[PDB]
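Structure below is work.csv: CSV, C-alpha atoms and all ligand atoms.
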```
chain,number,residue,atom,x,y,z
A,1,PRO,CA,-63.6,0.9,-22.5
A,2,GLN,CA,-60.6,-1.0,-21.0
A,3,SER,CA,-57.9,0.5,-23.3
A,4,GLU,CA,-59.4,3.9,-22.1
A,5,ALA,CA,-59.0,2.9,-18.4
A,6,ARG,CA,-55.3,2.0,-19.1
A,7,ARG,CA,-54.4,5.2,-20.9
A,8,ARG,CA,-55.9,7.4,-18.1
A,9,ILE,CA,-54.0,5.4,-15.4
A,10,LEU,CA,-50.8,5.9,-17.4
A,11,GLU,CA,-51.3,9.6,-18.1
A,12,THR,CA,-52.0,10.2,-14.4
A,13,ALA,CA,-49.0,8.0,-13.3
A,14,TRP,CA,-46.6,9.8,-15.6
A,15,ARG,CA,-47.5,13.2,-14.2
A,16,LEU,CA,-47.3,12.0,-10.6
A,17,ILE,CA,-44.0,10.3,-11.2
A,18,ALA,CA,-42.6,13.5,-12.8
A,19,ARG,CA,-43.7,15.9,-10.1
A,20,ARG,CA,-43.4,13.7,-7.0
A,21,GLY,CA,-40.9,11.0,-7.9
A,22,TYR,CA,-41.6,7.4,-8.7
A,23,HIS,CA,-40.9,6.0,-5.2
A,24,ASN,CA,-43.1,8.6,-3.6
A,25,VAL,CA,-46.1,7.8,-5.7
A,26,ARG,CA,-48.4,5.3,-4.2
A,27,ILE,CA,-51.1,3.4,-6.0
A,28,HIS,CA,-53.9,5.1,-4.0
A,29,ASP,CA,-52.5,8.5,-5.2
A,30,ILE,CA,-53.3,7.4,-8.7
A,31,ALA,CA,-56.7,5.9,-7.7
A,32,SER,CA,-57.7,9.1,-5.9
A,33,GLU,CA,-56.8,11.3,-8.7
A,34,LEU,CA,-58.9,9.3,-11.1
A,35,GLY,CA,-61.8,7.9,-8.9
A,36,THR,CA,-60.9,4.3,-9.4
A,37,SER,CA,-60.0,1.5,-7.1
A,38,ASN,CA,-56.6,0.2,-6.2
A,39,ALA,CA,-57.9,-3.2,-7.6
A,40,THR,CA,-58.5,-1.8,-11.2
A,41,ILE,CA,-55.1,-0.4,-11.3
A,42,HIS,CA,-53.5,-3.7,-10.0
A,43,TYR,CA,-55.5,-5.5,-12.7
A,44,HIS,CA,-53.8,-3.7,-15.5
A,45,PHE,CA,-50.4,-3.2,-13.9
A,46,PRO,CA,-49.7,-5.8,-11.2
A,47,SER,CA,-46.7,-4.0,-10.0
A,48,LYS,CA,-45.5,-0.5,-9.7
A,49,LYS,CA,-42.5,-1.2,-12.0
A,50,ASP,CA,-45.0,-2.2,-14.6
A,51,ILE,CA,-46.8,1.2,-14.3
A,52,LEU,CA,-43.4,2.9,-14.9
A,53,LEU,CA,-42.4,0.7,-17.8
A,54,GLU,CA,-45.8,1.1,-19.6
A,55,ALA,CA,-45.9,4.8,-18.9
A,56,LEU,CA,-42.4,5.2,-20.4
A,57,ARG,CA,-43.4,3.2,-23.5
A,58,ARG,CA,-46.5,5.4,-24.0
A,59,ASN,CA,-44.5,8.6,-23.5
A,60,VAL,CA,-41.6,7.5,-25.9
A,61,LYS,CA,-44.3,7.1,-28.5
A,62,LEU,CA,-46.0,10.4,-27.8
A,63,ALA,CA,-42.6,12.1,-28.0
A,64,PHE,CA,-41.7,10.6,-31.3
A,65,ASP,CA,-45.1,11.5,-32.8
A,66,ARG,CA,-44.5,15.1,-31.6
A,67,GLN,CA,-41.1,15.1,-33.3
A,68,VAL,CA,-42.5,13.8,-36.6
A,69,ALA,CA,-45.2,16.6,-36.5
A,70,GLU,CA,-42.7,19.3,-35.7
A,71,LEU,CA,-40.2,18.3,-38.5
A,72,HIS,CA,-42.2,17.1,-41.5
A,73,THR,CA,-42.4,20.4,-43.3
A,74,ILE,CA,-38.7,21.1,-42.7
A,75,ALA,CA,-36.2,20.2,-45.5
A,76,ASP,CA,-33.2,22.4,-44.6
A,77,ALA,CA,-31.0,20.4,-42.2
A,78,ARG,CA,-29.8,23.4,-40.1
A,79,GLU,CA,-33.5,24.3,-39.4
A,80,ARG,CA,-34.2,20.6,-38.8
A,81,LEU,CA,-31.3,20.3,-36.2
A,82,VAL,CA,-32.3,23.6,-34.6
A,83,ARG,CA,-35.9,22.3,-34.2
A,84,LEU,CA,-34.8,18.9,-33.0
A,85,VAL,CA,-32.7,20.5,-30.3
A,86,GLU,CA,-35.5,22.8,-29.4
A,87,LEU,CA,-37.8,19.8,-28.8
A,88,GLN,CA,-35.3,18.6,-26.2
A,89,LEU,CA,-35.5,21.7,-24.0
A,90,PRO,CA,-37.2,21.2,-20.6
A,91,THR,CA,-39.8,23.9,-21.3
A,92,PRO,CA,-42.7,24.4,-18.9
A,93,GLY,CA,-45.3,21.5,-18.8
A,94,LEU,CA,-44.9,18.2,-20.5
A,95,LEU,CA,-41.3,18.6,-21.7
A,96,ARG,CA,-40.1,19.6,-18.1
A,97,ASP,CA,-42.0,16.6,-16.8
A,98,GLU,CA,-40.5,14.3,-19.3
A,99,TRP,CA,-37.1,15.4,-18.2
A,100,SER,CA,-38.1,14.8,-14.6
A,101,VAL,CA,-38.9,11.2,-15.5
A,102,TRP,CA,-35.8,10.6,-17.7
A,103,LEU,CA,-33.6,11.7,-14.8
A,104,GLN,CA,-35.3,8.9,-12.7
A,105,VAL,CA,-35.0,6.4,-15.6
A,106,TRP,CA,-31.2,6.9,-15.7
A,107,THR,CA,-31.1,5.5,-12.2
A,108,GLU,CA,-33.8,2.9,-12.5
A,109,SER,CA,-32.0,1.6,-15.6
A,110,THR,CA,-28.9,0.7,-13.6
A,111,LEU,CA,-31.2,-1.7,-11.7
A,112,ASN,CA,-34.2,-2.9,-14.0
A,113,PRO,CA,-33.4,-4.6,-17.4
A,114,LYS,CA,-36.7,-4.0,-19.0
A,115,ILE,CA,-36.4,-0.2,-18.2
A,116,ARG,CA,-32.7,-0.3,-19.3
A,117,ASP,CA,-33.7,-2.0,-22.7
A,118,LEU,CA,-36.5,0.5,-23.3
A,119,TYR,CA,-34.3,3.5,-22.5
A,120,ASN,CA,-31.6,2.2,-24.8
A,121,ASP,CA,-33.9,1.6,-27.7
A,122,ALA,CA,-35.4,5.1,-27.2
A,123,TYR,CA,-31.9,6.6,-26.9
A,124,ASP,CA,-30.6,4.8,-30.0
A,125,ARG,CA,-33.5,6.1,-32.1
A,126,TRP,CA,-32.8,9.7,-31.2
A,127,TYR,CA,-29.1,9.1,-31.6
A,128,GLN,CA,-29.7,7.9,-35.2
A,129,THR,CA,-32.0,10.8,-35.9
A,130,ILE,CA,-29.3,13.2,-34.9
A,131,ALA,CA,-26.6,11.4,-36.9
A,132,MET,CA,-28.8,11.3,-39.9
A,133,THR,CA,-29.5,15.0,-39.7
A,134,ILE,CA,-25.8,15.7,-39.6
A,135,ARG,CA,-25.1,13.6,-42.7
A,136,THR,CA,-27.9,15.4,-44.6
A,137,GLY,CA,-26.6,18.9,-43.7
A,138,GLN,CA,-23.2,17.6,-44.7
A,139,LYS,CA,-24.6,16.5,-48.2
A,140,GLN,CA,-26.4,19.9,-48.5
A,141,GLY,CA,-23.1,21.6,-47.8
A,142,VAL,CA,-24.3,23.5,-44.7
A,143,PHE,CA,-22.5,21.3,-42.1
A,144,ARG,CA,-18.7,20.7,-41.8
A,145,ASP,CA,-17.3,17.3,-42.6
A,146,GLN,CA,-16.8,15.4,-39.4
A,147,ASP,CA,-17.7,12.0,-38.1
A,148,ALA,CA,-21.5,12.1,-37.5
A,149,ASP,CA,-21.5,9.4,-35.0
A,150,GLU,CA,-18.9,11.1,-32.7
A,151,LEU,CA,-20.8,14.3,-33.2
A,152,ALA,CA,-24.2,12.7,-32.4
A,153,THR,CA,-22.5,11.3,-29.2
A,154,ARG,CA,-21.3,14.7,-28.3
A,155,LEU,CA,-24.5,16.6,-29.0
A,156,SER,CA,-26.6,14.1,-27.1
A,157,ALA,CA,-24.3,14.1,-24.1
A,158,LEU,CA,-24.1,18.0,-24.1
A,159,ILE,CA,-27.9,18.1,-24.2
A,160,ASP,CA,-28.3,15.7,-21.2
A,161,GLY,CA,-25.7,17.6,-19.2
A,162,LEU,CA,-27.2,21.0,-19.8
A,163,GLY,CA,-30.6,19.7,-18.8
A,164,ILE,CA,-29.3,18.5,-15.5
A,165,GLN,CA,-27.9,22.0,-14.9
A,166,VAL,CA,-31.4,23.4,-15.6
A,167,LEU,CA,-33.3,20.9,-13.5
A,168,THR,CA,-30.9,21.1,-10.5
A,169,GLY,CA,-30.9,24.9,-10.5
A,170,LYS,CA,-27.3,25.8,-11.4
A,171,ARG,CA,-26.8,29.5,-10.9
A,172,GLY,CA,-27.3,31.4,-14.1
A,173,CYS,CA,-28.8,28.4,-15.8
A,174,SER,CA,-32.3,28.7,-17.5
A,175,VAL,CA,-33.9,27.1,-20.5
A,176,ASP,CA,-33.0,30.3,-22.5
A,177,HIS,CA,-29.3,29.9,-21.5
A,178,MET,CA,-29.4,26.2,-22.5
A,179,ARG,CA,-31.0,27.1,-25.8
A,180,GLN,CA,-28.3,29.8,-26.4
A,181,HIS,CA,-25.4,27.4,-25.5
A,182,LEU,CA,-26.7,24.7,-27.8
A,183,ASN,CA,-27.4,27.1,-30.7
A,184,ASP,CA,-23.7,28.4,-30.2
A,185,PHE,CA,-22.4,24.8,-30.4
A,186,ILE,CA,-24.4,24.2,-33.6
A,187,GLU,CA,-23.3,27.4,-35.2
A,188,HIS,CA,-19.6,27.0,-34.3
A,189,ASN,CA,-19.0,23.2,-34.2
A,190,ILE,CA,-21.5,21.9,-36.7
A,191,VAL,CA,-22.2,24.6,-39.3
A,192,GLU,CA,-19.8,24.9,-42.3
A,193,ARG,CA,-17.5,28.1,-42.0
B,1,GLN,CA,-19.4,6.6,18.6
B,2,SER,CA,-17.6,8.5,15.9
B,3,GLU,CA,-16.7,5.0,14.7
B,4,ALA,CA,-20.4,3.8,14.8
B,5,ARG,CA,-21.6,6.8,12.6
B,6,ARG,CA,-18.7,6.2,10.3
B,7,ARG,CA,-19.6,2.6,9.7
B,8,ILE,CA,-23.2,3.5,9.2
B,9,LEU,CA,-22.5,6.1,6.5
B,10,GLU,CA,-20.0,4.0,4.7
B,11,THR,CA,-22.5,1.1,4.6
B,12,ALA,CA,-25.5,3.4,3.7
B,13,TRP,CA,-23.4,4.9,0.9
B,14,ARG,CA,-22.6,1.5,-0.6
B,15,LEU,CA,-26.2,0.3,-0.3
B,16,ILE,CA,-27.6,3.5,-1.8
B,17,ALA,CA,-25.1,3.2,-4.7
B,18,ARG,CA,-25.9,-0.4,-5.5
B,19,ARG,CA,-29.5,-0.9,-4.6
B,20,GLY,CA,-30.9,2.7,-4.9
B,21,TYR,CA,-31.8,5.1,-2.0
B,22,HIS,CA,-35.6,4.3,-2.1
B,23,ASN,CA,-34.9,0.5,-2.0
B,24,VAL,CA,-32.7,0.7,1.1
B,25,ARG,CA,-34.8,0.3,4.2
B,26,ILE,CA,-33.3,1.1,7.5
B,27,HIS,CA,-33.3,-2.6,8.5
B,28,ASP,CA,-31.1,-3.2,5.4
B,29,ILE,CA,-28.4,-1.0,6.9
B,30,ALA,CA,-28.7,-2.6,10.4
B,31,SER,CA,-28.3,-6.1,8.9
B,32,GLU,CA,-25.2,-5.1,7.0
B,33,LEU,CA,-23.7,-4.1,10.3
B,34,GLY,CA,-25.6,-6.0,13.0
B,35,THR,CA,-27.7,-3.6,14.8
B,36,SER,CA,-31.2,-2.4,15.0
B,37,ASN,CA,-33.5,0.2,13.3
B,38,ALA,CA,-33.5,2.1,16.6
B,39,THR,CA,-29.6,2.4,16.9
B,40,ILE,CA,-29.7,3.6,13.2
B,41,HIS,CA,-32.3,6.3,14.1
B,42,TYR,CA,-30.4,7.1,17.2
B,43,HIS,CA,-27.6,8.5,14.9
B,44,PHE,CA,-29.9,9.5,12.0
B,45,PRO,CA,-33.4,10.6,12.9
B,46,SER,CA,-34.6,10.1,9.3
B,47,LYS,CA,-33.8,8.2,6.3
B,48,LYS,CA,-33.2,11.5,4.5
B,49,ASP,CA,-30.5,12.4,7.2
B,50,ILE,CA,-28.6,9.3,6.2
B,51,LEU,CA,-28.4,10.4,2.5
B,52,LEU,CA,-27.6,13.9,3.4
B,53,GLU,CA,-24.7,13.1,5.9
B,54,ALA,CA,-23.3,10.4,3.6
B,55,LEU,CA,-23.3,12.9,0.7
B,56,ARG,CA,-21.5,15.5,2.8
B,57,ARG,CA,-18.8,12.9,3.8
B,58,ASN,CA,-18.4,11.9,0.1
B,59,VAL,CA,-18.1,15.4,-1.3
B,60,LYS,CA,-15.3,15.9,1.1
B,61,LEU,CA,-13.4,12.7,0.3
B,62,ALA,CA,-13.6,13.5,-3.4
B,63,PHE,CA,-12.3,17.0,-3.0
B,64,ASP,CA,-9.4,15.6,-1.0
B,65,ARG,CA,-8.7,13.1,-3.6
B,66,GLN,CA,-8.6,15.9,-6.2
B,67,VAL,CA,-6.2,18.1,-4.2
B,68,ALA,CA,-3.9,15.0,-3.7
B,69,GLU,CA,-3.8,14.4,-7.5
B,70,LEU,CA,-3.3,18.0,-8.6
B,71,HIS,CA,-0.8,19.0,-5.9
B,72,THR,CA,2.3,19.2,-7.9
B,73,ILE,CA,1.0,19.6,-11.5
B,74,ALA,CA,2.0,23.0,-13.0
B,75,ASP,CA,1.1,22.5,-16.6
B,76,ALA,CA,-2.6,23.4,-17.2
B,77,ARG,CA,-3.1,20.9,-20.0
B,78,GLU,CA,-1.9,18.1,-17.7
B,79,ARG,CA,-4.0,19.5,-14.7
B,80,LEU,CA,-7.1,19.5,-16.9
B,81,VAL,CA,-6.6,16.0,-18.3
B,82,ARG,CA,-6.1,14.8,-14.7
B,83,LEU,CA,-9.3,16.6,-13.5
B,84,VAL,CA,-11.2,14.9,-16.2
B,85,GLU,CA,-9.6,11.4,-15.5
B,86,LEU,CA,-10.9,11.8,-11.8
B,87,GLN,CA,-14.5,12.0,-13.1
B,88,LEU,CA,-14.4,8.7,-15.0
B,89,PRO,CA,-16.8,6.1,-13.6
B,90,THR,CA,-14.1,3.5,-13.2
B,91,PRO,CA,-15.1,0.1,-11.6
B,92,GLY,CA,-15.5,0.1,-7.8
B,93,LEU,CA,-15.4,3.5,-5.8
B,94,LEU,CA,-15.9,5.9,-8.8
B,95,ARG,CA,-18.7,3.9,-10.3
B,96,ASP,CA,-20.4,3.8,-7.0
B,97,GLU,CA,-20.0,7.5,-6.6
B,98,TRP,CA,-21.7,8.1,-10.0
B,99,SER,CA,-24.5,5.9,-9.0
B,100,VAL,CA,-25.3,8.1,-6.0
B,101,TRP,CA,-24.8,11.3,-8.0
B,102,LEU,CA,-27.4,10.2,-10.5
B,103,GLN,CA,-29.9,9.7,-7.7
B,104,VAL,CA,-28.9,13.1,-6.3
B,105,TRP,CA,-29.8,14.9,-9.5
B,106,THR,CA,-33.3,13.6,-9.1
B,107,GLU,CA,-33.7,14.1,-5.4
B,108,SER,CA,-32.4,17.7,-6.0
B,109,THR,CA,-35.6,18.6,-8.0
B,110,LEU,CA,-37.6,17.7,-4.8
B,111,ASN,CA,-35.5,18.2,-1.6
B,112,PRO,CA,-33.9,21.7,-0.7
B,113,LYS,CA,-31.1,20.6,1.6
B,114,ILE,CA,-29.9,18.1,-1.0
B,115,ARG,CA,-30.3,20.6,-3.8
B,116,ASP,CA,-28.2,23.1,-1.7
B,117,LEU,CA,-25.5,20.5,-1.1
B,118,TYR,CA,-25.4,19.5,-4.8
B,119,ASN,CA,-25.2,23.1,-6.0
B,120,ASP,CA,-22.3,24.0,-3.6
B,121,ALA,CA,-20.5,20.9,-4.6
B,122,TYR,CA,-21.0,21.4,-8.3
B,123,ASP,CA,-20.1,25.1,-8.1
B,124,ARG,CA,-16.8,24.2,-6.5
B,125,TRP,CA,-15.9,21.7,-9.2
B,126,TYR,CA,-17.2,24.0,-12.0
B,127,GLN,CA,-15.0,26.9,-10.7
B,128,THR,CA,-12.1,24.6,-10.6
B,129,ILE,CA,-12.5,23.7,-14.2
B,130,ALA,CA,-12.9,27.4,-15.1
B,131,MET,CA,-9.8,28.4,-13.2
B,132,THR,CA,-7.8,25.7,-14.8
B,133,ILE,CA,-8.9,26.8,-18.3
B,134,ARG,CA,-7.9,30.4,-17.5
B,135,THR,CA,-4.6,29.2,-16.3
B,136,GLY,CA,-3.8,27.4,-19.6
B,137,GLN,CA,-5.0,30.5,-21.5
B,138,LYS,CA,-2.5,32.6,-19.5
B,139,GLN,CA,0.3,30.0,-20.0
B,140,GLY,CA,-0.5,30.2,-23.8
B,141,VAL,CA,-1.6,26.5,-24.3
B,142,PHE,CA,-5.3,26.9,-24.4
B,143,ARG,CA,-7.4,28.9,-27.0
B,144,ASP,CA,-8.6,32.3,-25.7
B,145,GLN,CA,-12.4,31.4,-25.6
B,146,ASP,CA,-14.7,32.4,-22.7
B,147,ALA,CA,-13.7,30.0,-19.9
B,148,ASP,CA,-17.2,30.0,-18.2
B,149,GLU,CA,-18.8,28.8,-21.4
B,150,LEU,CA,-16.0,26.2,-22.0
B,151,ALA,CA,-16.3,24.9,-18.5
B,152,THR,CA,-20.1,24.8,-18.8
B,153,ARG,CA,-19.6,22.8,-22.0
B,154,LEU,CA,-17.0,20.3,-20.6
B,155,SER,CA,-18.9,19.8,-17.4
B,156,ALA,CA,-22.1,19.0,-19.3
B,157,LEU,CA,-20.2,16.7,-21.6
B,158,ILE,CA,-18.8,14.8,-18.7
B,159,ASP,CA,-22.2,14.3,-17.1
B,160,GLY,CA,-23.8,13.2,-20.4
B,161,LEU,CA,-21.1,10.7,-21.2
B,162,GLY,CA,-21.2,9.2,-17.7
B,163,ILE,CA,-24.8,8.6,-18.2
B,164,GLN,CA,-24.2,6.8,-21.5
B,165,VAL,CA,-21.7,4.6,-19.6
B,166,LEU,CA,-23.9,3.8,-16.6
B,167,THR,CA,-27.0,3.1,-18.7
B,168,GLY,CA,-25.3,0.8,-21.1
B,169,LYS,CA,-25.2,2.7,-24.4
B,170,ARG,CA,-24.0,0.4,-27.1
B,171,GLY,CA,-20.3,0.9,-27.8
B,172,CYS,CA,-19.9,3.0,-24.7
B,173,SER,CA,-17.2,2.2,-22.1
B,174,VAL,CA,-15.1,4.0,-19.6
B,175,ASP,CA,-12.2,4.1,-22.2
B,176,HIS,CA,-14.4,5.5,-24.9
B,177,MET,CA,-15.6,8.2,-22.6
B,178,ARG,CA,-12.0,9.0,-21.8
B,179,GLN,CA,-11.0,9.3,-25.4
B,180,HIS,CA,-14.0,11.4,-26.3
B,181,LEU,CA,-13.1,13.9,-23.5
B,182,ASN,CA,-9.4,14.0,-24.3
B,183,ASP,CA,-10.4,14.6,-28.0
B,184,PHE,CA,-12.6,17.5,-26.8
B,185,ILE,CA,-9.7,19.0,-24.8
B,186,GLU,CA,-7.1,18.4,-27.6
B,187,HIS,CA,-9.3,19.7,-30.5
B,188,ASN,CA,-11.5,22.3,-28.7
B,189,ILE,CA,-9.5,23.6,-25.8
B,190,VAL,CA,-5.9,23.3,-26.8
B,191,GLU,CA,-4.6,26.1,-29.1
B,192,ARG,CA,-3.9,24.8,-32.6
C,201,LIG,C1,-33.0,14.3,-24.1
C,201,LIG,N1,-34.0,13.5,-23.3
C,201,LIG,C2,-33.4,13.2,-22.0
C,201,LIG,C3,-35.2,14.4,-23.0
C,201,LIG,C4,-34.6,12.4,-24.1
C,201,LIG,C5,-33.6,11.2,-24.3
C,201,LIG,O1,-34.5,10.1,-24.6
C,202,LIG,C1,-21.0,13.3,-11.6
C,202,LIG,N1,-19.7,14.0,-11.2
C,202,LIG,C2,-18.9,12.9,-10.6
C,202,LIG,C3,-19.1,14.5,-12.4
C,202,LIG,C4,-19.8,15.1,-10.3
C,202,LIG,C5,-21.0,15.0,-9.3
C,202,LIG,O1,-20.8,15.8,-8.1
```

Write the structure described by the file as structure tokens, please.
Amino acid sequence: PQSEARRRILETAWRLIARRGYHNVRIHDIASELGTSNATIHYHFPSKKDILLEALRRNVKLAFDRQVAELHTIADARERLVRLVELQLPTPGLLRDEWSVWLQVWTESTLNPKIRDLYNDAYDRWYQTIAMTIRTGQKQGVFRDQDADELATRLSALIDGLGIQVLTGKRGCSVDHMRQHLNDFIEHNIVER
Amino acid sequence: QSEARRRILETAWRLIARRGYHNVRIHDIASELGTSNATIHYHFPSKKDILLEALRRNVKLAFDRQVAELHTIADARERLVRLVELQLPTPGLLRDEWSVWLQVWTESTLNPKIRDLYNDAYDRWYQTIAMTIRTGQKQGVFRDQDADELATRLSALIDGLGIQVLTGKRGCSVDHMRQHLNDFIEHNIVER
């Protein structure tokens, strides 16, 4: 009843924030899209920053559930790492929108401590996932010996950089090109020769 | 009057870097300088014109800075390490520049004049890195691996690490980013 009103507001706000930008989304844009009042929205989220914070929290959870679903039947660490990286591509739809929002979060983080803390915890979880995957492939003998933390740092960084090049329209860049670049890095920098 | 626009842009640049473009109202610029929203619009008809002219000014200053630093350097390995050092978000001017760039990546995905400006700027920088790699390959100090893909890799790595710095990743610092990049150059670019 009320938890349902919240989720709908957040789902709508996420999409609007992704496609129009957080500072260009007004409360009445959300209320119009859903048929509610500005007052209902204010009741659940007294400030716009609260809509962003709670929308991010909901999405980090959705995204992690997606990850769990995609990987649970995968035991080979190369296949796991390949899938993990695939889940990070800004493919058409929800993943492209998530990227759109994360780019905004990088900036808003430099200014809002709750957003900064949420982004860091979400980042850290991913970072540990990557590092853990590396150490499994190392134990399985399919990945080269190398410090997994430095490698998780590098892979994560490479991914974010490439995504920017996709979103900002760098000439020759596409999701297929990013995919190819990242698969080349895995095959030549991570996989055991 | 060339002096009034100058002050406006330098002030707007600093406020955008520190407060964020969407949080800077026109009266905020006026108060930092002592003037009115009207005078500000007199020189910049829209808020978006302020961001655009400021960015143009910055891109130029940064390219100048780069030419001054690379001027004499013949050795490609040294040129490359210097190019990379210029991208570090060191406290003060460079960190402020990164802050604006971060906003520009987002505004690019929505505004064409800004996307155009960012792509011409990024392409210049990217070709520079490419060129330098090819130089070191010819001099014999760098591994003969496709320079476009290496430059794509190094540029992406730079952006990603900068983000980790600016957003506060645990254990991240400007010096750690420097070491990571130098290690990338030394172990991935330089010829064993
Ligand atoms: C790689 N992404 C930016 C999509 C997620 C980080 O949380
Ligand atoms: C973020 N950099 C400073 C690397 C370049 C932006 O034009």

Counting only C-alpha atoms and all ligand atoms, what are the residues, protein, DNA or RNA alike, that approach ligand LIG 201 (chain C) to within 6 Å? I want them as a list in words. residues 88, 99, 102, 122, 123 and 160 of chain A

Please find the residues contacting ligand LIG 202 (chain C) at a distance of at most 7 Å between atoms, with only C-alpha atoms and all ligand atoms counted, and report them as an MDAnalysis selection string. chainID B and resid 87 97:98 101 118 121:122 158:159

Determine the nearest neighbour of chain A from the options B:119, B:179, B:127, B:145, counting all atoms listed in the file. B:119

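Summary of the local environment: counting all atoms listed in the file, residues at most 12 Å from residue 87 in chain A, other than itself and those fewer than 2 positions away along its chain, are residues 63, 64, 65, 66, 67, 68, 69, 70, 71, 80, 81, 82, 83, 84, 85, 89, 90, 91, 92, 94, 95, 96, 98, 99, 126, 159, 175 and 179 of chain A.
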
Using all atoms listed in the file, find the residues of chain A whose closest atom to chain B is at most 10 Å away, then write them as a VMD selection string. chain A and resid 18 to 24 100 to 111 115 to 117 119 to 121 123 to 124 150 153 to 171 173 181 to 182 185 189

Deliver the residues from the most recent selection as a file, using C-alpha atoms, as a PDB file, in the coordinates of the input.
```pdb
ATOM      1  CA  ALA A  18     -42.600  13.500 -12.800  1.00  0.00           C
ATOM      2  CA  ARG A  19     -43.700  15.900 -10.100  1.00  0.00           C
ATOM      3  CA  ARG A  20     -43.400  13.700  -7.000  1.00  0.00           C
ATOM      4  CA  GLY A  21     -40.900  11.000  -7.900  1.00  0.00           C
ATOM      5  CA  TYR A  22     -41.600   7.400  -8.700  1.00  0.00           C
ATOM      6  CA  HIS A  23     -40.900   6.000  -5.200  1.00  0.00           C
ATOM      7  CA  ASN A  24     -43.100   8.600  -3.600  1.00  0.00           C
ATOM      8  CA  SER A 100     -38.100  14.800 -14.600  1.00  0.00           C
ATOM      9  CA  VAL A 101     -38.900  11.200 -15.500  1.00  0.00           C
ATOM     10  CA  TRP A 102     -35.800  10.600 -17.700  1.00  0.00           C
ATOM     11  CA  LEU A 103     -33.600  11.700 -14.800  1.00  0.00           C
ATOM     12  CA  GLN A 104     -35.300   8.900 -12.700  1.00  0.00           C
ATOM     13  CA  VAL A 105     -35.000   6.400 -15.600  1.00  0.00           C
ATOM     14  CA  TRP A 106     -31.200   6.900 -15.700  1.00  0.00           C
ATOM     15  CA  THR A 107     -31.100   5.500 -12.200  1.00  0.00           C
ATOM     16  CA  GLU A 108     -33.800   2.900 -12.500  1.00  0.00           C
ATOM     17  CA  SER A 109     -32.000   1.600 -15.600  1.00  0.00           C
ATOM     18  CA  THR A 110     -28.900   0.700 -13.600  1.00  0.00           C
ATOM     19  CA  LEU A 111     -31.200  -1.700 -11.700  1.00  0.00           C
ATOM     20  CA  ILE A 115     -36.400  -0.200 -18.200  1.00  0.00           C
ATOM     21  CA  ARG A 116     -32.700  -0.300 -19.300  1.00  0.00           C
ATOM     22  CA  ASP A 117     -33.700  -2.000 -22.700  1.00  0.00           C
ATOM     23  CA  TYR A 119     -34.300   3.500 -22.500  1.00  0.00           C
ATOM     24  CA  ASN A 120     -31.600   2.200 -24.800  1.00  0.00           C
ATOM     25  CA  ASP A 121     -33.900   1.600 -27.700  1.00  0.00           C
ATOM     26  CA  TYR A 123     -31.900   6.600 -26.900  1.00  0.00           C
ATOM     27  CA  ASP A 124     -30.600   4.800 -30.000  1.00  0.00           C
ATOM     28  CA  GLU A 150     -18.900  11.100 -32.700  1.00  0.00           C
ATOM     29  CA  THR A 153     -22.500  11.300 -29.200  1.00  0.00           C
ATOM     30  CA  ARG A 154     -21.300  14.700 -28.300  1.00  0.00           C
ATOM     31  CA  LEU A 155     -24.500  16.600 -29.000  1.00  0.00           C
ATOM     32  CA  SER A 156     -26.600  14.100 -27.100  1.00  0.00           C
ATOM     33  CA  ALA A 157     -24.300  14.100 -24.100  1.00  0.00           C
ATOM     34  CA  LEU A 158     -24.100  18.000 -24.100  1.00  0.00           C
ATOM     35  CA  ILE A 159     -27.900  18.100 -24.200  1.00  0.00           C
ATOM     36  CA  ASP A 160     -28.300  15.700 -21.200  1.00  0.00           C
ATOM     37  CA  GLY A 161     -25.700  17.600 -19.200  1.00  0.00           C
ATOM     38  CA  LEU A 162     -27.200  21.000 -19.800  1.00  0.00           C
ATOM     39  CA  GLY A 163     -30.600  19.700 -18.800  1.00  0.00           C
ATOM     40  CA  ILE A 164     -29.300  18.500 -15.500  1.00  0.00           C
ATOM     41  CA  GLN A 165     -27.900  22.000 -14.900  1.00  0.00           C
ATOM     42  CA  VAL A 166     -31.400  23.400 -15.600  1.00  0.00           C
ATOM     43  CA  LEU A 167     -33.300  20.900 -13.500  1.00  0.00           C
ATOM     44  CA  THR A 168     -30.900  21.100 -10.500  1.00  0.00           C
ATOM     45  CA  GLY A 169     -30.900  24.900 -10.500  1.00  0.00           C
ATOM     46  CA  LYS A 170     -27.300  25.800 -11.400  1.00  0.00           C
ATOM     47  CA  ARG A 171     -26.800  29.500 -10.900  1.00  0.00           C
ATOM     48  CA  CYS A 173     -28.800  28.400 -15.800  1.00  0.00           C
ATOM     49  CA  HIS A 181     -25.400  27.400 -25.500  1.00  0.00           C
ATOM     50  CA  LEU A 182     -26.700  24.700 -27.800  1.00  0.00           C
ATOM     51  CA  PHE A 185     -22.400  24.800 -30.400  1.00  0.00           C
ATOM     52  CA  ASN A 189     -19.000  23.200 -34.200  1.00  0.00           C
TER      53      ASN A 189
END
```

Give me, please, the distance in Å between CA of residue 60 in chain B and CA of residue 46 in chain B, quoted to one decimal. 21.8 Å

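Distance check against residue 17 in chain A using only C-alpha atoms: of A:55, A:1, A:188, A:50, the minimum falls on A:55.
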
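If you look at CA of residue 140 in chain A and CA of residue 186 in chain A, they are 15.6 Å away from each other.
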
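Across the model, the gap from CA of residue 165 in chain B to CA of residue 133 in chain A is 23.9 Å.
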
Who sits within 12 Å of residue 65 in chain B, all atoms listed in the file, same chain under 6 positions skipped, as a PyMOL selection string: chain B and resi 58-59+71+82-83+86-87+93-94

What's around residue 40 in chain B at 10 Å? Count only C-alpha atoms, leave out sequence neighbours fewer than 3 positions away in its own chain, and write the answer as a PyMOL selection string. chain B and resi 4-5+8+26-27+29-30+35-37+43-47+50
